[PDB]
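Residue numbers (this note's numbering), protein chains in the order written: chain A, 1104 to 1397; chain B, 77 to 184; chain C, 16 to 140; chain D, -17 to 187.
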Amino acid sequence: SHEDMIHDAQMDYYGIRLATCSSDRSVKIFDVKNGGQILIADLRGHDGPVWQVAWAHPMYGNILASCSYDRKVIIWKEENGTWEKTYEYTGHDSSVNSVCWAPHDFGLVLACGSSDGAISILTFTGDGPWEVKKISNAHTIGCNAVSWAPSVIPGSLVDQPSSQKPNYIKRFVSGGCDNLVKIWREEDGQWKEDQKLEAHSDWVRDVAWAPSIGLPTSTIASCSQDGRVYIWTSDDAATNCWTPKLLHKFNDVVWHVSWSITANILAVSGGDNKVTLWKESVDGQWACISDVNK
Amino acid sequence: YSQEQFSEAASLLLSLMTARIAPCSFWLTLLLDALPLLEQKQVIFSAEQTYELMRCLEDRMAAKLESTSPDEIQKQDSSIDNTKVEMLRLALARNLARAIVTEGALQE
Amino acid sequence: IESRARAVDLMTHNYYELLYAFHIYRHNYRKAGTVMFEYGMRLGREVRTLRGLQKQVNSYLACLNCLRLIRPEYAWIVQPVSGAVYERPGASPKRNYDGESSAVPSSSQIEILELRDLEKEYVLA
Amino acid sequence: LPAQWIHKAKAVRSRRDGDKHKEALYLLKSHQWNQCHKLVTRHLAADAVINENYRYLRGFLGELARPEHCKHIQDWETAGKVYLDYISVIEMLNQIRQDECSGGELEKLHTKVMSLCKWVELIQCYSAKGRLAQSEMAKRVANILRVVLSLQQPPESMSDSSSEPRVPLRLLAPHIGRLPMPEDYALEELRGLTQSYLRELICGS
């Protein structure tokens, strides 16, 4: 199979097809069944090394996006058993590093950040245009990691019935390489400054939104190069109640954070060739409930 | 042609094209001149051989289009030349159809 | 003529090429190409000589000549499969050889044949 | 638990896997009227007309024809009940000959056929296969129209003695001339139209 080790690889909503992307310059795809699997494809195209892809929601169907070093994002849609290259964007000065789909409640818009110091957000009508939402000086240096708003999370919606549809304000988070993290809300047609966060005196590497189903509060696991893992939490941003807590003091450059598809636990890639499996215990504290030696 | 030597003219042309030599842009004019012979009531016309002529013509025009655009000049007469080429091949088809008709009416 | 042509043997005359020439007379490229292609079909079903191979080559040749005339909004043909035809008029009935299964009208047992497919076929021929 | 959600889920499942029967069934069952409309128009109409499986989409269009469904879908009137009309006329004319015919439905045949001739024009095909099914429809309607115009003078109960009536092509032509026609059977149709215009012009204005 792949000529270079895998950064990212994602199964579907249905567990029956797997996309696997390396910096090995191409991305290969298996059908998944019975425990067996046939490599159905190996999509080429990416004239920069590949890191990340992005699947979309099932009520839309089957949609993938990908970033590369060549400042190209390639956009793949599956037909008749054939995934193929549907939209592709470039115009970027530095390698496009972060791509992530928005909740289908907000729609078919991908977020696209790069260490350019600035970030675009691209909408696909699904048949039509690719609406561009480009924000310059988003960083004074560059963008490392970005996360959306997950669309629905407790805190004020208990009194809001299931029959109606609530207002969908757009917000999100990210952290860059100017030693800072930042928080954004969308209005006036554009995005403005929820929050500035300066606690990691070094560059932040990865960011983790706790899928706050059951949580009125807003919960962040921020991992930087400086070995400090901050759980940032605010019950209310309007009363400005974001506070840092230590999750773990790893002595390695702290790398990756990703919540479960089951939205229960967090996987943290450490400078140990390991992925620590942490769960916020039922009581009050964050316990590394398991590990995977990479 | 100039002394209207239809039989041996056509035989030579058949032999030459079966020899399969020279660039396409000129086989254009080749069959352009072959036109009135094809028009004339002649029984030696082997329509099937005429049609490897035309299928090679298709092959060559496809290759010509792939290798270059027939008209890189935008003028009132470039589209004239093009549509003239399609009309030419349409004339090829229609004249061959007539020749087949005459051949059959003579096979009686 | 089709009543006669189906009823009589093909080796006496190609009434199919006869009708094809009529098609040419009447400027009907669709029907002409279909006739010549189906006569190639009949030859392929019936005979297996290399002369016959040249013959189906000519058949498919002429059909795609009609293709040279066909308008893009019609780039396809129908072809239904059916049973055999009577042979030896003036002789006893039930004279049937080889043959093909009959189709089903309340469905689509017919085959629609377009540019690229038929040129695949002629290239292989 | 309301089967609305289960039909939603198995419907998107089917839209993933490609089981035509199942997407159609569960789209009907959950009544996504507009999108089910649009998808059936895209695919299912041609499928059923060319494969002659009128039963299923017959029930389909029948339940869709309910006026409230017409209210929640744009352009139901444009196509769906139109093809429902096609198929209904086809079946009833078939059965009227499956028994001994009665003019009390033959007159309705004439009235609705010559009318819907006026709206065959407004058929809009945005696909090659859509226009192909349109062509198949046109050729079949020409065939059945020839058959019925021949048989409306039944072989033992002739309607008119020997009269050659004036053809309603004076109304048919301005609308039938608005669509193209394949020269395969356009030949015979156009020839019949030739002798029609001959008498029409020898007896013109």
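Every residue gets a Cβ at the ideal spot worked out from N, C-alpha and C, and that includes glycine.
| query | result |
| --- | --- |
| Is the segment 75 to 84 of chain D touching the segment 99 to 119 of chain D in the sense that three or more CB pairs, one from each, lie closer than 8 Å? | no |
| Pull out every residue of the segment 1153 to 1164 of chain A whose Cβ sits closer than 9 Å to any Cβ of chain D, in chain order. | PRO1161, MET1162, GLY1164 |
| Tell me the DSSP bridge mates of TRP1345 (chain A)? | DSSP output for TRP1345 (chain A) lists no bridge partner at all. |
| Determine the closest residue to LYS90 (chain D) out of D:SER109, D:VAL149, D:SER70, with distance taken between C-alpha atoms. | D:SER70 |
| By the DSSP assignment, the alpha helix (DSSP H) with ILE1316 (chain A) in it spans what residues? | It is not in any alpha helix (DSSP H) - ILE1316 (chain A) carries neither H nor E in the DSSP assignment. |
| Would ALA36 (chain C) count as contacting chain B if we go by Cβ distances under 7 Å? | yes |
| Please report the distance separating the alpha-carbon of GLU115 (chain C) from that of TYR167 (chain D). | 26 Å |
| I believe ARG103 (chain C) touches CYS81 (chain C) by the beta-carbon criterion, under 8 Å. Please report the beta-carbon distance rounded to the nearest angstrom. | Not really, about 32 Å apart at Cβ, beyond 8 Å. |
| CA-CA distance, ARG136 (chain B) and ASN171 (chain B)? | 21 Å |
| Does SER123 (chain C) get closer than 7 Å to chain D when you measure Cβ to Cβ? | yes |
| Examine chain D for any beta-carbon lying closer than 7 Å to the beta-carbon of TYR30 (chain C), and answer yes or no. | no |
| Between C:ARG66, C:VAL72, C:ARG41, which lies nearest to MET56 (chain C) when the distance is taken from Cα to Cα? | C:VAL72 |
| Closer than 7 Å by C-beta to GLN116 (chain B): which residues in its own chain qualify, once you throw out the five before and the five after it? Chain order, please. | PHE82 |
| What does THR1123 (chain A) pair with, by DSSP beta-bridge criteria? | A:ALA1112, A:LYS1131 |
| Find the residues of chain A that neighbour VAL(-6) (chain D), judging by a C-beta separation of less than 7 Å, and give them in chain order. | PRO1161, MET1162 |
| When DSSP labels each residue in this structure, what does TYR112 (chain C) get in the three-state scheme? | coil |
| Quick one: what does DSSP say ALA90 (chain C) is sitting in, helix, strand or coil? | coil |
| Report all residues from its chain with a CB closer than 8 Å to the CB of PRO1269 (chain A); omit the five preceding and five following residues, and keep chain order. | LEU1260, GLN1263 |
| Are the C-beta of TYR89 (chain C) and some C-beta of chain D separated by less than 7 Å? | yes |
| Between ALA167 (chain B) and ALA110 (chain B), what straight-line distance do the alpha-carbon atoms span, to the nearest angstrom? | 12 Å |
| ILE1141 (chain A) bridges to which residues according to DSSP? | A:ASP1134 |
| Return no unless some Cβ of chain C is closer than 7 Å to the Cβ of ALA167 (chain B). | no |
| Who are the neighbours of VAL177 (chain B) on chain C, taking C-beta pairs under 7 Å? | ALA36, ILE39, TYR40 |
| So that I know if they touch, is there some Cβ in chain D lying closer than 7 Å to that of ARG103 (chain C)? | no |
| Are the CB atoms of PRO1319 (chain A) and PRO1232 (chain A) nearer to each other than 7 Å? | no |
| Output needed in chain order: residues of the segment 159 to 184 of chain D with a Cβ under 8 Å from some Cβ in chain C. | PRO162, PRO164, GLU165, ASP166, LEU169 |
| Nearest-angstrom Cα distance between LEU153 (chain D) and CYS99 (chain D)? | 10 Å |
| Short check: CB of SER1218 (chain A) to CB of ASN1200 (chain A), under 7 Å? | yes |
| For a cutoff of 7 Å on Cβ pairs, would you count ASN73 (chain C) as touching chain B? | yes |
| Counting only the same chain and skipping the five closest in sequence on each side, list residues whose C-beta sits under 8 Å from that of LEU88 (chain D). | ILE78, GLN134 |
| Give the DSSP bridge partners of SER1217 (chain A), in chain order. | A:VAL1199, A:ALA1221 |
| Answer with yes or no whether the minimum CB distance from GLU34 (chain D) to chain C is below 7 Å. | yes |
| Between the segment 59 to 74 of chain C and the segment 91 to 109 of chain C, do at least 3 Cβ pairs fall closer than 8 Å? | no |
| Considering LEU107 (chain B), what are the terminal residues of the alpha helix (DSSP H) in which it resides? | 100 to 115 |
| Could you tell me whether the segment 1327 to 1334 of chain A touches the segment 1350 to 1365 of chain A, where touching means 3 or more Cβ pairs closer than 8 Å? | yes |
| Compute the distance between the beta-carbons of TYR35 (chain C) and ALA47 (chain C), then report whether it is under 7 Å. | yes |
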